[PDB]
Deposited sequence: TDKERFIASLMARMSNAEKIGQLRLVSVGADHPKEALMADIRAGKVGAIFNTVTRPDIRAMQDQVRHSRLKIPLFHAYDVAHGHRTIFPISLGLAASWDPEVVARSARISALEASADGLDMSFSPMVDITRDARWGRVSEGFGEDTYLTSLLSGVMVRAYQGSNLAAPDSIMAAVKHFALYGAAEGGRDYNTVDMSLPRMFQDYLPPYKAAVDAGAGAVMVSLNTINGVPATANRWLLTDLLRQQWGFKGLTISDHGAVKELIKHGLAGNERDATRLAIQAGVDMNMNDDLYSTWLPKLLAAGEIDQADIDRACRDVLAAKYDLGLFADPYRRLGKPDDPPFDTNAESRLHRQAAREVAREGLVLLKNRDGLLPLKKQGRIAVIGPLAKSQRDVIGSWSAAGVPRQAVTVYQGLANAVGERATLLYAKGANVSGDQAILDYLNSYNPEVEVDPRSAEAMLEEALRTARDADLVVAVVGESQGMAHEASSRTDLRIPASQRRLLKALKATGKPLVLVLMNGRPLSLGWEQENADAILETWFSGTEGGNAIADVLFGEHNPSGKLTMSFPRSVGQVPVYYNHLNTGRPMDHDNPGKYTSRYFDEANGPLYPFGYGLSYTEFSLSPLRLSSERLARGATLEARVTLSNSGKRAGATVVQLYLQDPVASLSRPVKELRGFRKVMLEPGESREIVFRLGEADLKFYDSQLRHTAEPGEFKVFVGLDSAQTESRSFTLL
């Protein structure tokens, strides 16, 4: 109770002006010039800063606080999504590791590097469920599965915050985006979200609850409407659910201009009413638009808000700073009153980035064991992503320096050394569409546009392929194609690069596709025509080295998809945990399309190996399960091939008769197992009542007696099943 007494005694001494100042979250920029901001900090008008990311800059801002009456320290936040300076694979690629220890390592190193630069908080993890591949922000989440995303949500929060939020190598997690942000209609960023309460509670909300239960200090509120109500004005979401049902005791933070955006949503006619709706809904901290500082005094004096609205918000800010240790030592992450190079090579974590990046790479095709490659012969390395440092570190690359990143080309060159001969040709620009190139280059030069014609680049690539034994085509999206507000109407590799691929195929040379992308892609032609396909997402600062490690067989690919790959954008959404319908497709009068093959091209949990694995028959510990008892599902996994390697044994559950139509299967467990040739492991899954419960039409959360079907396999599509009955 030291914390409650400290905050009560401080707040008893604060003016409303001082309490309102604590709610203000700003960045140095056009709207807040540095010297005016310094003056506001000295006056106690600023609660926190984002987007200031070096120790001397952060220390300088904290120094201004000694001029305010109460000297309440700032906290400093940043978007450390998948690395701070050492960039790990994007989250969608981290998820493909199926290894909470790998994901925890990326988060722990991110927090170590961020805190070493003086940051206290990250706007991460992003834990929104994504079933729509068009949305640019699918790169930031962990895929489509509620169970896996919820597990990794808690893993990220614990890895960031550690055993103690006051530790100088801990940062506070601000879990985002609360809530349902990835259900945007049409996959258009910021668009309308409309869903039933059972779907919301069963499928979309659990990853946010998992973050709260892992002790997340902060929640960042989403930009979207939920069933007509913007999250930023949603008292049900932020008060009734988050605080009163889930027991969240931390800090709610608006997104950038989100309070002011209530006017565009048509919830408010003016900034005064927008401010009232946000503070009364339960938004504590106001990012950038300064509406709280502008309007809260007038709102209170007019009796339009209560003192308790200000006091709740201010208490939450002070409680976060308290937990971060900033009242004990506001410089605990900023060292003592020797300068250093923030971007020194010595401050990076290349070993960790390379080991983590290996685990997320997904082998999608490997005809006649073309991979792994031998380090010999003439290897053509062709495509616009082969030499791209900007793209390998992905979207939301924080303080990542492209020039420090290892490209696919450089990774191959490092791997072969003097062996083999690499032949480079760019082959195509990332896009043939000038309006797309101008969008991607609209703010910063993100995409190198080769001034040569497409035809000249193609002729050069064909000459290179002719001079080679095999072709490694490095193709896909630029990182700006899978970013905030970068929604796509087409899930294929860009047309300029597909023209290149078809030309390379026509040479007859063995064709290896290395894909870079931040979302599921439509790969029908590639699955038919490529000899091998390696999904590399955006693999980060050591991406090229991790990719070469897999291509030459130093690492046996072990990644498995956490999001279904649709055959085309016209099939969206496709996800493994769908309902059966009354007329399931297995034949015209079924739930299907007629103009394309049905189901995903690659299902949830899919990924190949350089070795072969066998599963023994699934055995359940009983055919009947008593209430409050545990069931064991056992299988033996064996490495039946010639190479050491890992795979992921997946356990799915179906409730085939229920008060609601339940999914054809739902992930309830998994085990990643590394085996030498001829090794076995007995895998034991534990199932309890908590695994069997679901939200019905009235949101009763219970398990109904009846049959459950247990499936075990190496992907969602290739399983063996046994049933038991819950009594």
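What the model leaves out of the deposited chain are the segments 338-339, 589-592.
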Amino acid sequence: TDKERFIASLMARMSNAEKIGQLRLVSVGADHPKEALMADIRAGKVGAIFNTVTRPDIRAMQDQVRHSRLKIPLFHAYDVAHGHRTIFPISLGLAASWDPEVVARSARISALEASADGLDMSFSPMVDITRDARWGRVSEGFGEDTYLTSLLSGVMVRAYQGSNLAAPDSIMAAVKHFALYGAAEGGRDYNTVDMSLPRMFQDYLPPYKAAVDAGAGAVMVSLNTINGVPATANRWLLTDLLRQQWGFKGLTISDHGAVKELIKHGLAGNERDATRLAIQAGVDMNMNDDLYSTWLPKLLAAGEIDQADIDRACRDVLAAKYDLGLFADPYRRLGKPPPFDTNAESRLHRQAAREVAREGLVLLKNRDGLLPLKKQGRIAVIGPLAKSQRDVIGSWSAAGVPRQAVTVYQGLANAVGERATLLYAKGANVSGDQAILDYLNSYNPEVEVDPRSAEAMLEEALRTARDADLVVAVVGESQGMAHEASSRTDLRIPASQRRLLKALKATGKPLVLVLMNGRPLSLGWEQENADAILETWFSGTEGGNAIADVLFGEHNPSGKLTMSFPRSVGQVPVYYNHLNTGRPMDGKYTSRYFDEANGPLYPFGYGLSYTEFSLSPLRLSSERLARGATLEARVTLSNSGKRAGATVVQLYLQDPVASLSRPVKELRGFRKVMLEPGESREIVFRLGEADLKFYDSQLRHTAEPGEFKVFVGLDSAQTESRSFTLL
From here on, numbers count along this sequence of modelled residues.
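A summary of the deposited B-factors shows that, of 20-28 and 713-721, the stretch with the larger mean C-alpha value is 713-721. Averaged over Cα atoms, the B-factor as recorded in the entry is higher for 442-450 than for the other of 194-202 and 442-450. As recorded in the entry, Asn164 carries the highest CA temperature factor of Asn164, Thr130, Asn577, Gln479.
For the set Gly605, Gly228, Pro338, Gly518, the PDB entry puts the maximum C-alpha B factor at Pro338.
When the modelled residues of the chain are ordered by C-alpha B-factor, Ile49 sits in the lowest third. Sort the chain's modelled residues by C-alpha temperature factor and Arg350 lands in the middle third, per the entry. Sort the modelled residues of the chain by CA B factor and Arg243 lands in the middle third. In the deposited entry, the Cα temperature factor of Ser661 sits in the bottom third of values across the chain's modelled residues.
When the modelled residues of the chain are ordered by their C-alpha B factor, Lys588 lands in the highest third.
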